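Q: Let's see this in three dimensions:
(chains A and B, ligands or ions: 2)
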Amino acid sequence: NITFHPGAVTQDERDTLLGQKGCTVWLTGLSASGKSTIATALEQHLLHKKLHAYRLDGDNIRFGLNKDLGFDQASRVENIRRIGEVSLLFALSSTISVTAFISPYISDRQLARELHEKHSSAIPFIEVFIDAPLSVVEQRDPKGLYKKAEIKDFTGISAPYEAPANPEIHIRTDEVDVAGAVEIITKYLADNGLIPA
Amino acid sequence: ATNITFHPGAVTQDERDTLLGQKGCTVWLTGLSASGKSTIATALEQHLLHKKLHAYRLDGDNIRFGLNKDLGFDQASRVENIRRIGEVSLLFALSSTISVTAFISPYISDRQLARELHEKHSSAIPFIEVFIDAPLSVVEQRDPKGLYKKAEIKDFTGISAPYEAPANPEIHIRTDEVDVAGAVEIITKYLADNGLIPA
Ligand SMILES: Nc1ncnc2c1ncn2[C@@H]1O[C@H](COP(=O)(O)OP(=O)(O)O)[C@@H](O)[C@H]1O
Ligand SMILES: Nc1ncnc2c1ncn2[C@@H]1O[C@H](COP(=O)(O)OP(=O)(O)O)[C@@H](O)[C@H]1O
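A: Numbers count the residues shown, from 1 in each chain, chains lettered A, B, ... in the order given. Ligands and ions are numbered 1, 2, ... in the order given. Provided below are the atomic coordinates:
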């Protein structure tokens, strides 16, 4: 009982068979703003809804796929480029891809977006501004990164963060808790047809 | 009214596999040009999707001009091409997806490095190496893109560069003896026999 047409499955075929549409949920924000805390909680929530969702962050990218990359300007650009391509591949597989990198530069995030929006069939790219004040992330500072200021070119302290002008989702994590941030993102996905009811 | 639950930290591998009713793995196809990797990969992916299983094909169409567009054709580029593909296929397996790679991957050391990414991973991930084995005579008869006839093309695997055949892979399929549906049946049966998809 094995059936297939010649060639590759189309995107509509895959989406229909798996009962799910792929997209990229692109988190951006300062260190300690809550990207990682929100991404792992959102991923679990979606998995409880029987949805394929997968988090991309430093833990599974930096020392594997991108282990060849340094911290010079060219390396940083290439790091985001490759994360953009990988996130697109996950979306093409009918998975909700959640990226949790500071991604400070407008141009880098824009090129990741264009890979999705210019894809032969356009793939949703949902930019989520995880927005916490500098005073809040310095008070949080769960790794001591802000106190070191012994660390150079640090986003928001000694390097620039380029805030998105008008992202698809804007979440102020000093006024919404983790569950509320997960609720906001999931409701956006549901209201835009990307996950079932 | 909401309905949200989660524990601190990341989902564990067993939690993810259980919630999704599926275990992730890499099905690594290797073989000569025109041996049937892409033909089998697209049929297999369709078959698994029909079983409501996440499966995803990695090949030249979605890798070469995207993630790996920076790479050329020198030996160093070639090694790096397979290296990255090994990492990406691992990420898909970690997502509880059946990742199917369809690259010639002619060198034993490159396939071995990809394999060790899976087998030495903190939680070990199955790496299923499938020798798509067709004689030089058959693939020269097939030559669906004229690649073997060009000989015009340099350092071509099986003609002017080596193919290092797997010694004893998890699956060995002679595509001059089995049709595409039978090749899909063998791989799918192996997946079920090893608990990676429901029976
Ligand atoms: N609403 C919220 N969302 C996310 N994190 C929060 C929130 N409120 C407080 N925090 C705390 O802020 C810190 C954010 O750390 P982390 O998720 O590692 O941020 P990032 O990945 O952006 O560097 C965590 O200690 C978290 O517990
Ligand atoms: N039993 C078989 N398995 C796979 N392909 C076959 C088989 N018999 C004939 N073919 C043909 O051989 C060619 C294989 O092409 P392709 O899948 O592109 O090989 P590769 O991906 O290894 O370069 C296709 O034309 C396909 O129709």
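
Q: Tell me which stretches of chain A form helices.
A: With helices called from DSSP state H, chain A shows them at A:11-18, A:35-48, A:58-61, A:73-92, A:106-117, A:134-140, A:178-191.

Q: check whether the fourth one contacts chain B.
A: Yes: Helix A:73-92 lies in contact with chain B when judged by C-beta under 8 Å from any C-beta of the partner chain; the contacting residues are A:78, A:82, A:85-86, A:88-90, A:92. For the C-beta atoms, the positions are set from N, CA and C on the backbone; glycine is no exception.

Q: Out of the residues you listed, which is nearest to residue A:124?
A: Ranked by distance to residue A:124 (C-beta to C-beta), those are led by residue A:88 at 11.0 Å.

Q: Quick check: the gap between the residue of chain A found nearest ligand 1 and residue A:65.
A: Nearest residue of chain A to ligand 1 (C-beta to the nearest ligand atom) works out as residue A:34 at 2.4 Å. Distance, residue A:34 to residue A:65, using C-beta to C-beta, to the nearest Å: 24 Å.

Q: Also residue A:168?
A: The span separating residue A:168 from residue A:65 equals 26 Å under the rule C-beta to C-beta.

Q: who's more crowded, those two?
A: Between residue A:168 and residue A:65, counted using other C-beta atoms under 10 Å in any protein chain shown, residue A:65 has the larger neighbour count: 24 against 16.

Q: residues from chain A in reach of ligand 2?
A: Within chain A, no position lies close to ligand 2 (C-beta under 6 Å from any ligand atom).

Q: Output the set of residues of chain A in proximity to ligand 1.
A: A:29, A:31-38, A:100, A:140, A:142, A:173, A:176-178, A:181.

Q: and if we set it to 8 Å?
A: Proximity of chain A to ligand 1, by C-beta under 8 Å from any ligand atom, involves residues A:27, A:29-39, A:57, A:100, A:102, A:130, A:132, A:137, A:140, A:142-143, A:171, A:173-174, A:176-178, A:180-181.

Q: now those residues: which count as buried?
A: The neighbour-count test (16 or more other C-beta atoms under 10 Å in any protein chain shown) marks A:27, A:29-39, A:57, A:100, A:102, A:130, A:132, A:137, A:140, A:171, A:173, A:178, A:181 as buried among those.

Q: between the residues of helix A:73-92 next to chain B, which is closest to residue A:1?
A: Here the nearest of the residues of helix A:73-92 next to chain B to residue A:1, counting by C-beta to C-beta, is residue A:92; it sits at 26.6 Å.

Q: and that closest one, how many residues sit next to it?
A: With neighbours defined by other C-beta under 10 Å, the count for residue A:92 comes to 19.

Q: got a list of what it touches?
A: A:11, A:22, A:119, A:123, B:56, B:62 (C-beta atoms under 8 Å, 6 or more residues apart in numbering or on different chains).

Q: got the contact list for the closest residue to the third one other than its chain neighbours?
A: I take that to be residue A:119. Leaving aside its sequence neighbours, residue A:119 sits nearest to residue A:88 (C-beta to C-beta, 6 or more residues apart in numbering or on different chains; 6.7 Å). Residue A:88 is in contact with A:24, A:97, A:115-116, A:119, A:123, B:66, counting by C-beta under 8 Å, 6+ apart.

Q: among those, who's most crowded?
A: Result: residue A:97 is most packed of the contacts of residue A:88 (other C-beta under 10 Å), 28 neighbours.

Q: Tell me what that residue is bridged to.
A: When bridges are called by DSSP bridges, residue A:97 pairs up with residue A:24, residue A:54.

Q: so it touches residue A:90, yeah?
A: Yes: here residue A:97 reaches residue A:90: they are 3.8 Å apart, a contact under C-beta atoms under 8 Å.
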